[PDB]
Structure formats: structure tokens, C-alpha cells
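Below is start.cif, holding mmCIF, C-alpha atoms.
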data_start
#
loop_
_atom_site.group_PDB
_atom_site.id
_atom_site.type_symbol
_atom_site.label_atom_id
_atom_site.label_comp_id
_atom_site.auth_asym_id
_atom_site.auth_seq_id
_atom_site.Cartn_x
_atom_site.Cartn_y
_atom_site.Cartn_z
ATOM 1 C CA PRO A 1 -2.947 50.517 -40.019
ATOM 2 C CA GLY A 2 -0.669 50.828 -36.999
ATOM 3 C CA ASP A 3 2.577 49.121 -35.998
ATOM 4 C CA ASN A 4 1.323 46.338 -33.668
ATOM 5 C CA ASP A 5 -1.824 45.232 -35.545
ATOM 6 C CA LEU A 6 -1.163 41.489 -35.526
ATOM 7 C CA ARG A 7 -0.801 41.415 -31.757
ATOM 8 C CA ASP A 8 -3.485 43.974 -30.882
ATOM 9 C CA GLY A 9 -5.890 44.275 -33.835
ATOM 10 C CA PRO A 10 -8.523 42.212 -35.637
ATOM 11 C CA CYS A 11 -7.576 39.844 -38.406
ATOM 12 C CA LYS A 12 -7.188 41.400 -41.838
ATOM 13 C CA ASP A 13 -6.936 39.799 -45.268
ATOM 14 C CA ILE A 14 -3.293 40.952 -45.620
ATOM 15 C CA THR A 15 -0.745 41.004 -42.774
ATOM 16 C CA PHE A 16 2.579 42.817 -43.224
ATOM 17 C CA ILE A 17 5.319 41.675 -40.811
ATOM 18 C CA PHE A 18 8.288 44.045 -41.058
ATOM 19 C CA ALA A 19 11.715 44.167 -39.372
ATOM 20 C CA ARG A 20 13.334 47.618 -39.324
ATOM 21 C CA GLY A 21 16.955 48.565 -39.929
ATOM 22 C CA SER A 22 19.526 51.335 -39.588
ATOM 23 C CA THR A 23 18.330 51.244 -35.950
ATOM 24 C CA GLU A 24 15.379 53.507 -36.634
ATOM 25 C CA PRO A 25 13.079 53.799 -33.594
ATOM 26 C CA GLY A 26 9.734 52.162 -32.985
ATOM 27 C CA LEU A 27 8.349 48.811 -34.051
ATOM 28 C CA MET A 28 8.274 49.755 -37.756
ATOM 29 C CA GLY A 29 11.076 52.236 -38.016
ATOM 30 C CA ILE A 30 10.520 55.564 -39.731
ATOM 31 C CA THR A 31 11.276 55.181 -43.433
ATOM 32 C CA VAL A 32 10.544 52.208 -45.689
ATOM 33 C CA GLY A 33 8.530 50.175 -43.166
ATOM 34 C CA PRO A 34 5.732 52.710 -42.747
ATOM 35 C CA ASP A 35 6.045 53.650 -46.437
ATOM 36 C CA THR A 36 5.442 50.060 -47.556
ATOM 37 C CA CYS A 37 2.590 49.617 -45.077
ATOM 38 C CA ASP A 38 0.938 52.850 -46.212
ATOM 39 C CA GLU A 39 1.209 51.985 -49.905
ATOM 40 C CA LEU A 40 -0.112 48.447 -49.397
ATOM 41 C CA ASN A 41 -3.100 49.928 -47.595
ATOM 42 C CA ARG A 42 -3.694 52.370 -50.452
ATOM 43 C CA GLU A 43 -3.794 49.423 -52.901
ATOM 44 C CA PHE A 44 -5.975 47.203 -50.639
ATOM 45 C CA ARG A 45 -7.790 49.799 -48.577
ATOM 46 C CA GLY A 46 -8.874 48.639 -45.133
ATOM 47 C CA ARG A 47 -7.682 45.060 -45.719
ATOM 48 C CA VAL A 48 -4.109 45.436 -44.368
ATOM 49 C CA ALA A 49 -2.733 44.818 -40.865
ATOM 50 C CA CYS A 50 0.795 46.068 -40.131
ATOM 51 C CA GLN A 51 3.159 44.554 -37.553
ATOM 52 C CA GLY A 52 6.722 45.524 -36.631
ATOM 53 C CA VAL A 53 9.251 43.020 -35.311
ATOM 54 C CA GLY A 54 9.880 44.319 -31.804
ATOM 55 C CA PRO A 55 10.564 45.206 -29.104
ATOM 56 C CA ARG A 56 12.948 42.315 -28.408
ATOM 57 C CA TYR A 57 14.613 43.127 -31.730
ATOM 58 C CA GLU A 58 16.521 46.267 -30.725
ATOM 59 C CA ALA A 59 18.162 46.812 -34.156
ATOM 60 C CA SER A 60 21.551 47.588 -32.626
ATOM 61 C CA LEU A 61 24.365 48.404 -35.050
ATOM 62 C CA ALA A 62 26.753 46.017 -33.279
ATOM 63 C CA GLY A 63 24.233 43.185 -33.794
ATOM 64 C CA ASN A 64 25.219 43.098 -37.475
ATOM 65 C CA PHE A 65 28.431 41.315 -36.469
ATOM 66 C CA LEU A 66 26.825 38.402 -34.664
ATOM 67 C CA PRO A 67 26.989 35.101 -36.624
ATOM 68 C CA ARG A 68 23.578 35.430 -38.296
ATOM 69 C CA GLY A 69 23.822 39.196 -38.769
ATOM 70 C CA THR A 70 21.370 39.903 -35.924
ATOM 71 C CA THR A 71 20.429 38.620 -32.481
ATOM 72 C CA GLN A 72 18.811 35.254 -31.898
ATOM 73 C CA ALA A 73 16.201 37.088 -29.812
ATOM 74 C CA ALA A 74 15.169 39.073 -32.907
ATOM 75 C CA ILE A 75 14.933 35.951 -35.072
ATOM 76 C CA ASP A 76 12.842 34.230 -32.374
ATOM 77 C CA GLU A 77 10.537 37.245 -32.098
ATOM 78 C CA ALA A 78 9.948 37.339 -35.855
ATOM 79 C CA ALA A 79 9.292 33.602 -36.023
ATOM 80 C CA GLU A 80 6.760 33.941 -33.201
ATOM 81 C CA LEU A 81 4.951 36.634 -35.185
ATOM 82 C CA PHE A 82 4.761 34.509 -38.350
ATOM 83 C CA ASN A 83 3.389 31.631 -36.269
ATOM 84 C CA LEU A 84 0.896 33.997 -34.583
ATOM 85 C CA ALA A 85 -0.447 35.123 -37.956
ATOM 86 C CA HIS A 86 -0.916 31.430 -38.786
ATOM 87 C CA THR A 87 -2.918 30.572 -35.663
ATOM 88 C CA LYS A 88 -4.758 33.859 -35.121
ATOM 89 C CA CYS A 89 -5.602 34.490 -38.811
ATOM 90 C CA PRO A 90 -5.248 31.267 -40.853
ATOM 91 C CA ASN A 91 -6.726 32.938 -43.955
ATOM 92 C CA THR A 92 -4.566 36.073 -43.954
ATOM 93 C CA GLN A 93 -2.022 36.596 -46.732
ATOM 94 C CA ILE A 94 1.299 37.234 -44.996
ATOM 95 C CA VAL A 95 3.851 39.625 -46.486
ATOM 96 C CA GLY A 96 7.314 39.652 -44.935
ATOM 97 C CA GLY A 97 9.548 42.695 -45.067
ATOM 98 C CA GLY A 98 12.932 43.810 -43.829
ATOM 99 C CA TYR A 99 15.378 46.677 -44.287
ATOM 100 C CA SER A 100 19.150 46.314 -43.735
ATOM 101 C CA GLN A 101 19.617 44.322 -40.481
ATOM 102 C CA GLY A 102 15.862 43.684 -40.597
ATOM 103 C CA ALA A 103 16.493 41.601 -43.693
ATOM 104 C CA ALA A 104 18.906 39.490 -41.623
ATOM 105 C CA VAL A 105 16.039 38.917 -39.176
ATOM 106 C CA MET A 106 13.896 37.612 -42.041
ATOM 107 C CA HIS A 107 16.732 35.448 -43.412
ATOM 108 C CA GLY A 108 16.987 33.865 -39.972
ATOM 109 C CA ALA A 109 13.311 33.410 -39.051
ATOM 110 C CA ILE A 110 11.688 32.204 -42.282
ATOM 111 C CA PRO A 111 13.710 29.040 -43.185
ATOM 112 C CA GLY A 112 12.625 27.218 -40.021
ATOM 113 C CA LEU A 113 8.899 27.884 -40.349
ATOM 114 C CA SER A 114 6.536 25.010 -41.103
ATOM 115 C CA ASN A 115 5.415 24.275 -44.668
ATOM 116 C CA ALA A 116 1.908 25.428 -43.733
ATOM 117 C CA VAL A 117 3.152 28.820 -42.505
ATOM 118 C CA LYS A 118 5.266 29.243 -45.635
ATOM 119 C CA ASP A 119 2.147 28.542 -47.732
ATOM 120 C CA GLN A 120 0.584 31.618 -46.081
ATOM 121 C CA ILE A 121 3.564 33.880 -46.859
ATOM 122 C CA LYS A 122 2.837 35.264 -50.312
ATOM 123 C CA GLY A 123 5.912 37.472 -50.701
ATOM 124 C CA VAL A 124 8.918 38.802 -48.773
ATOM 125 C CA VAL A 125 10.547 42.128 -49.695
ATOM 126 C CA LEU A 126 14.089 42.702 -48.432
ATOM 127 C CA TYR A 127 15.450 46.235 -48.888
ATOM 128 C CA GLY A 128 19.218 46.708 -48.703
ATOM 129 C CA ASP A 129 19.705 43.104 -47.596
ATOM 130 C CA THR A 130 22.846 42.714 -45.434
ATOM 131 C CA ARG A 131 22.719 38.927 -45.979
ATOM 132 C CA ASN A 132 22.330 38.906 -49.785
ATOM 133 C CA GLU A 133 25.838 37.607 -50.495
ATOM 134 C CA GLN A 134 26.020 35.347 -47.430
ATOM 135 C CA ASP A 135 22.810 33.463 -48.338
ATOM 136 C CA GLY A 136 23.365 33.409 -52.103
ATOM 137 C CA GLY A 137 20.668 35.892 -53.086
ATOM 138 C CA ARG A 138 17.803 33.968 -51.510
ATOM 139 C CA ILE A 139 16.145 33.030 -48.247
ATOM 140 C CA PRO A 140 17.162 29.412 -47.533
ATOM 141 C CA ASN A 141 14.337 26.883 -48.026
ATOM 142 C CA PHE A 142 11.881 29.543 -49.178
ATOM 143 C CA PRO A 143 10.755 30.016 -52.803
ATOM 144 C CA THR A 144 12.735 32.489 -54.857
ATOM 145 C CA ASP A 145 9.629 33.562 -56.740
ATOM 146 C CA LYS A 146 8.175 34.732 -53.396
ATOM 147 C CA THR A 147 11.409 36.588 -52.538
ATOM 148 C CA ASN A 148 12.316 40.106 -53.713
ATOM 149 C CA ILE A 149 15.791 41.177 -52.589
ATOM 150 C CA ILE A 150 16.093 44.839 -53.587
ATOM 151 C CA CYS A 151 19.667 46.117 -53.876
ATOM 152 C CA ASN A 152 20.334 49.661 -55.041
ATOM 153 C CA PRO A 153 23.210 50.211 -57.479
ATOM 154 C CA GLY A 154 26.203 50.988 -55.282
ATOM 155 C CA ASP A 155 24.737 49.617 -52.023
ATOM 156 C CA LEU A 156 27.755 47.559 -51.021
ATOM 157 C CA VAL A 157 26.085 45.976 -47.972
ATOM 158 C CA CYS A 158 24.566 43.504 -50.441
ATOM 159 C CA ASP A 159 28.077 42.356 -51.425
ATOM 160 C CA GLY A 160 29.097 40.599 -48.198
ATOM 161 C CA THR A 161 30.502 43.325 -45.912
ATOM 162 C CA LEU A 162 28.965 46.290 -44.109
ATOM 163 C CA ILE A 163 30.219 49.123 -46.308
ATOM 164 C CA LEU A 164 27.707 51.942 -45.825
ATOM 165 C CA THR A 165 27.211 54.398 -48.690
ATOM 166 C CA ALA A 166 24.572 56.978 -49.555
ATOM 167 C CA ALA A 167 22.871 54.371 -51.762
ATOM 168 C CA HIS A 168 21.934 52.353 -48.677
ATOM 169 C CA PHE A 169 19.516 55.119 -47.578
ATOM 170 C CA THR A 170 17.472 55.678 -50.743
ATOM 171 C CA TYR A 171 15.103 52.690 -50.576
ATOM 172 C CA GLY A 172 12.088 54.997 -50.352
ATOM 173 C CA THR A 173 12.433 55.187 -54.141
ATOM 174 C CA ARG A 174 12.048 51.391 -54.387
ATOM 175 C CA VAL A 175 8.809 51.080 -52.406
ATOM 176 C CA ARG A 176 6.553 51.585 -55.450
ATOM 177 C CA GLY A 177 8.282 48.744 -57.285
ATOM 178 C CA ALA A 178 8.151 46.558 -54.175
ATOM 179 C CA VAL A 179 4.396 47.047 -53.829
ATOM 180 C CA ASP A 180 3.805 46.499 -57.570
ATOM 181 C CA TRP A 181 5.631 43.168 -57.139
ATOM 182 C CA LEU A 182 3.591 42.258 -54.051
ATOM 183 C CA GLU A 183 0.345 43.007 -55.910
ATOM 184 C CA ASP A 184 1.061 40.155 -58.330
ATOM 185 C CA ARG A 185 1.070 37.837 -55.304
ATOM 186 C CA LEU A 186 -1.904 39.219 -53.311
ATOM 187 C CA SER A 187 -5.661 39.235 -53.881
#
Could you show the structure in this file as C-alpha cells?
Amino acid sequence: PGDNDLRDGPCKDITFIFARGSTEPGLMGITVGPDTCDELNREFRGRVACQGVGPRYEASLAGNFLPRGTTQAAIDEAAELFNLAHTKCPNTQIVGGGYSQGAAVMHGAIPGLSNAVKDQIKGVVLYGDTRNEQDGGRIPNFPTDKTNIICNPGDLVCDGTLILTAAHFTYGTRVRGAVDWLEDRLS
């Protein structure tokens, strides 16, 4: 899988739409985005398309202090990608993902999607979620049993302010658990 597969590749049975954080470069970032994509593909080999939220989402650090914790352009771009999966590949199983500010993108884009698009989203994994406290530990109007907010012990960004600590940068160790959780929701 690549980083622009939903826009530029054939439909796959599983489509991973991921919004990066800690302003890593590229559509997918460098750390947990590619890691999650790679491990999903190893569990469902050849059946996974991977898609980063970009390039209109620029993942700027200052964007964390906008009202929704990211730019409206980023939220719009993510929503367009979920809707594209729905029209281009109506049978694909969508997995949403975000890290840090990328979780704020997912918190903003998913609530407004149609019921039918939400039916296609089988799970959303949010690493180091900067909006955990602000949205009450869930994505608004999206099922909690399809939501996995992963907060490391000591990662204070999940407590309502942007206090960065070393624990915010260790989510590579949580990818195996994230993919185990996704497997219970994917076929």
C-alpha cells in the first residue's frame, strides 16, 4: 500500500484513512500512520488501501489552537475522503485513524457524515487524541464501540490542554493493540 491509494488506486476490501500529527511530513506522516497501514496489510495481505489526509491538511502546530483543534480545510478534506470511499468503493470496510492533531481532524469530520457512510466505517483509532477531554472521550454521533481512543499513561494532551511529554511520542508501541482491536471489526 501507498499513501494516496483511495484517490489513485483500485478499490480494496479495506480502506485506511489516516490524518497525521506532530506535523510529520507527507500524506501519512512517518511514524504511526505507516506503521498501522503496514500492520493492517500484514494481517489482510493485499486487501488494504491506505490514504493520508492531505495535502490541504498541513498539520501546523499553531492549528491546534483553532476552535476545533485543527483547520476547517483539514476537516473538509477528511470528510471528502470518507465520502469518496463511499461512492468509489461502496463495499470497502473503512478504518479511520488519527494521531495527535490528526485525531482532531477525525473528531471534526466524522460526526457530520451520513448514516450510510458511518455504516461503512468499521473502526476509528485515535492515537494521542488532543480532543479526548473536549469531546468527552468519544467522537460525537459515532458509536463508541467503533471508537478506540488510545492515551498513553502520562500523555497529558488527552487531558484538555497541549502539554507535550515524552509519552506523547511512544504510540508505536500501541499499534499492535490498535490492529488487534481493528481485526475484531474487519473481515
Need the axis-aligned box for region 120-132 of chain A with 3 Å each side, so what are the centre and edges in Å to one decimal, as JSON?
{"center_x": 11.7, "center_y": 39.2, "center_z": -48.1, "size_x": 28.3, "size_y": 21.1, "size_z": 11.3}
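Proximity to residue 28 (chain A) was assessed for A:8, A:58, A:13, A:159 counting only C-alpha atoms; the smallest distance is recorded for A:58.
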So, with all atoms listed in the file as the atoms that count, which of A:173, A:72, A:87, A:165 lies closest to residue 109 (chain A)?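 Going through A:173, A:72, A:87, A:165 one by one, the smallest distance to residue 109 (chain A) is for A:72.
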Residues near residue 95 (chain A), anyone? I mean within 7 Å using all atoms listed in the file, not counting same-chain ones fewer than 2 positions away, as JSON, numbers by chain. {"A": [15, 16, 17, 93, 97, 121, 122, 123, 124]}
Option closest in space to residue 90 (chain A), from A:113, A:103, A:150, A:14 [counting all atoms listed in the file]: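 Closest to residue 90 (chain A) of all the choices is A:14.
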Residue nearest residue 180 (chain A) - candidates A:138, A:118, A:68, A:42, atoms counted: all atoms listed in the file: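 Going through A:138, A:118, A:68, A:42 one by one, the smallest distance to residue 180 (chain A) is for A:42.
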Pick out the closest residue to residue 151 (chain A) from this set: A:163, A:83, A:100, A:117. Count only C-alpha atoms.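 Among A:163, A:83, A:100, A:117, it is A:100 that comes nearest to residue 151 (chain A).
Nearest to residue 146 (chain A) of all the residues A:130, A:50, A:172, A:110 is A:110, based on only C-alpha atoms.
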Could you expand the PyMOL selection byres ((chain A and resi 104-108) around 9) into the explicit residues it covers here, written as a PyMOL selection string? chain A and resi 18-19+53+57+64+68-72+74-76+78-79+96-103+109-112+124+126+129-132+135+138-140
Residues within 12 Å of residue 38 (chain A), please, as a PyMOL selection string. Count only C-alpha atoms; anything in the same chain fewer than 3 positions from it doesn't count. chain A and resi 1-3+16+28+30-35+41-50+175-176+179
Between CA of residue 86 (chain A) and CA of residue 137 (chain A), what is the distance, to one decimal in Å? 26.3 Å
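Separating CA of residue 23 (chain A) from CA of residue 171 (chain A) is a distance of 15.0 Å.
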In Å, rounded to a single decimal, give me how far CA of residue 27 (chain A) is from CA of residue 52 (chain A).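 Taking CA of residue 52 (chain A) as the start and CA of residue 27 (chain A) as the end point, the length is 4.5 Å.
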